[PDB]
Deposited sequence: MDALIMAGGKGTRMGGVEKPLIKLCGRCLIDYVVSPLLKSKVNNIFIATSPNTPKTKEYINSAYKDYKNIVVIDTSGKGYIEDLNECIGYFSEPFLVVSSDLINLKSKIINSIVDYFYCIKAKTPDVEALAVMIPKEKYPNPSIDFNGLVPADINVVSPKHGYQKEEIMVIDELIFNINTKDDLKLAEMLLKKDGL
């Protein structure tokens, strides 16, 4: 499985380059993927994310982290298979978990025709920007390479992957780590 990293509160300055404990935010995402079973990583970039594109080219230039260019998943062109689309702000994300998500996705198609939604119980996640009847989106999803409709299932984990949308969000992010 390969992966896609999707890249204005708190200033609307590109977050992915926001710095936490000396590392940019995206490094935290990239790190798990690499240790990650998901081998190739595609980092979708866009304007105001130019600086990001650069850090990435320069930073992972020696790597196989490739940059791509509302919601455009003008990226299906790349994956011939279902990929993991992750936001560029996750905290506390681990490869072990990831194995489970991708592993889980298939166990299912064990009985299916898809997209997967990974959500955290509210008990685990605090100060959630979004809560859908008690489930908080982790910003990690499995998807198929299509531009239309997908039958999306839901996966639940008691682990917490926090995403940052706000500055206070950052405090918590640092508190976690």
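- The chain's deposited sequence has unresolved stretches at 8 to 11, 74 to 81, 126 to 127, 192 to 196, with no C-alpha coordinates there.
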